[PDB]
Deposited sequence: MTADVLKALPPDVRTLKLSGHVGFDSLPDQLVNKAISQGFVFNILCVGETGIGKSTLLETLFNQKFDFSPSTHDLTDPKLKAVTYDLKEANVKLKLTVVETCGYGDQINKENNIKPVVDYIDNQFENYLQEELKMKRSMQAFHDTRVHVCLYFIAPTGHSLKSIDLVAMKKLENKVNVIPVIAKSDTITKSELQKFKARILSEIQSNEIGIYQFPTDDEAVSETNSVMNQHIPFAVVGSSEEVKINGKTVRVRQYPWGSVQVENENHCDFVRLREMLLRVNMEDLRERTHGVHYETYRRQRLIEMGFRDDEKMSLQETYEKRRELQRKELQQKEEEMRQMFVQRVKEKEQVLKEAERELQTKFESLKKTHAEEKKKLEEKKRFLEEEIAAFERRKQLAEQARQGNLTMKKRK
């Protein structure tokens, strides 16, 4: 069982930190693009985590689109082989793209609108507000609204969690309500009541990553539920990869 996550955003926006927080694990990244492959034990999940720093508005997202196209191409070439073995092929197709929006507190940059528009039919895009401890509660409500307004206005097809299966439709419907996720990451941890907890400690107080009243990290983490990973994978295989495949089959003649 594979799960492939791509994080996109400007340098120092907190992408690597969020991945480590999400999996509670320091990752040794390897070669503006880097990736790690990591096995979860007792979960039977093989992860490929990929990080891409963005900065020529259309050129900005090109390296990301190319990476994505390449994982599709590798899978297509395997499907087409006479002597194929689809089990034992490592499927690296990107199941989810976390798009990191900087916390200016204003709105979506024009560059981010173009990027998410170019990605929408290539990958399941989930926009997140990076370093959301930067923003006060009232500023955040307004910021989230304006971002959503622009996504809707520009007809950008971001991912939505499935709400069809009655349980847990509840969990999923509330996740959708929180998009774009206000995320906080941290390498720093303290033991609290015998439990390991990630925090950002300032002179005036500490942001608790796993506290839902501080940020949406706990809501983002529910994407890792088996049912949600499956929906993201199925949508990748049956929709985005198929779009790629159809265009390629025409080109191959």
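Peer 1: Spell out the unmodelled ranges of the deposited sequence for me, N- to C-terminal, numbering from the first residue.
Peer 2: Seq positions lacking coordinates: 1-39, 71-78, 103-108, 307-412.
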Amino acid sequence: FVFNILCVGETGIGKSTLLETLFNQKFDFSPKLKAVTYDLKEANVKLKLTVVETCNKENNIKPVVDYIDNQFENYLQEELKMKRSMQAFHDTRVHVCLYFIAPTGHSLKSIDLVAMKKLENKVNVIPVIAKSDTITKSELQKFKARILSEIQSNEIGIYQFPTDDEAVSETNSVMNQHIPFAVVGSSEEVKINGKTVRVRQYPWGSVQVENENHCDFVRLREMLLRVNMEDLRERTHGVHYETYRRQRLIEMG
From here on, numbers count along this sequence of modelled residues.
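Peer 1: If you take the mean CA temperature factor per stretch, which one wins between 38-46 and 66-74?
Peer 2: Per the deposited B-factors, the answer is 38-46.
Peer 1: Comparing 140-148 with 93-101, where is the mean C-alpha B-factor higher?
Peer 2: The entry gives the higher C-alpha B-factor average to 140-148.
Peer 1: Maximum C-alpha temperature factor per the entry, among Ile192, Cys215, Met223, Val199, belongs to which one?
Peer 2: Comparing C-alpha B-factors across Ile192, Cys215, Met223, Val199, the maximum falls on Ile192.
Peer 1: Out of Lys131, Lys81, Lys122, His106, whose C-alpha atom has the biggest B factor in the entry?
Peer 2: Among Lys131, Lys81, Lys122, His106, the highest C-alpha B-factor in the entry belongs to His106.
Peer 1: When the deposited Cα B-factors of this chain's modelled residues are ordered and cut into thirds, is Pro162 in the lowest, the middle or the highest one?
Peer 2: Highest third.
Peer 1: When the modelled residues of the chain are sorted by Cα temperature factor, does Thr243 land in the lowest, middle or highest third?
Peer 2: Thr243: CA B-factor falls in the lowest third of its chain.
Peer 1: Of the three thirds of its chain by CA temperature factor, lowest, middle or highest, which one includes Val183?
Peer 2: Lowest third, going by the recorded CA B-factors of the chain.
Peer 1: Splitting the chain's C-alpha B-factors into thirds, which one does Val174 fall into?
Peer 2: According to the entry, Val174 has a C-alpha B-factor in the chain's highest third.
Peer 1: Ranked by Cα temperature factor within the chain, is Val168 in the lowest third, the middle third or the highest third?
Peer 2: Within its chain, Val168 is a highest-third residue by C-alpha B-factor, going by the deposited values.
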